[PDB]
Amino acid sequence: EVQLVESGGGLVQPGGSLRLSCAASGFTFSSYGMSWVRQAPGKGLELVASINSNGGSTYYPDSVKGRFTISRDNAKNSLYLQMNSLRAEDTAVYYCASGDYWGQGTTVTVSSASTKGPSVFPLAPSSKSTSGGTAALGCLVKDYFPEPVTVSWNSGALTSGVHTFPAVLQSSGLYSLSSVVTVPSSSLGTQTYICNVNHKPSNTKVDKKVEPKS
């Protein structure tokens, strides 16, 4: 199995720096050129930097040339990206890539604002509030910054009928989203429902139970 695992993402003040790391396994890492590709939400794939097999040839777009440095350690099967003089336009998801495979990416955001943990509120269901023939319930994950947040239902045991909406920036400059789940109306009593909310940048883990309210 091939794995590419980025890490090091987070929030930085403008002008500040950040180092990203990528750990690879499942293929001959030394035999492969590697690259960092980034993507702002909605946008497409922008190449940030490339380095070749032995690690002796690099390329940079003018947009980051002089600022970013792609490094490599064929022994630890790792790939690095030193980001200096960070600009607000550098805000993006950064992927580690080999051509054949892409990591899941790490989130880099550049802003002059502090990190806030989310509040998590029940979107309580109801019988009498059924939409043929499902009930709906959820969790409101509000006023956090920066991205990302992780949301699961029942420690991952509940996945069918789940929708976790894309975060939206509020005029406050804080993110907010809802995660919802629909279940057949009659199954409402039969089980308990907990949303699992994780926001690493502020070290916030919440497990909110969601009940009918009566």
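For every residue, the number given is its place in the sequence shown, counted from 1.
Of the two segments examined, 50-58 and 36-44, it is 50-58 that shows the higher average Cα temperature factor in the deposited entry. As recorded in the PDB entry, 59-67 is the stretch of 59-67 and 168-176 with the greater mean C-alpha temperature factor. Of the candidates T91, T134, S127, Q104, the deposited coordinates give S127 the top C-alpha B factor. Placement of the Cα temperature factor of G26 within the chain: lowest third of the modelled residues, per the deposited record. For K209, the recorded CA B-factor ranks within the lowest third of the chain. Only modelled residues enter the ranking. When the modelled residues of the chain are ordered by C-alpha B-factor, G189 sits in the highest third. Annotation for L81: C-alpha temperature factor in the middle third relative to the rest of the modelled chain, per the entry. When the CA B factors of the chain's modelled residues are split into thirds, the value for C139 lands in the lowest one.
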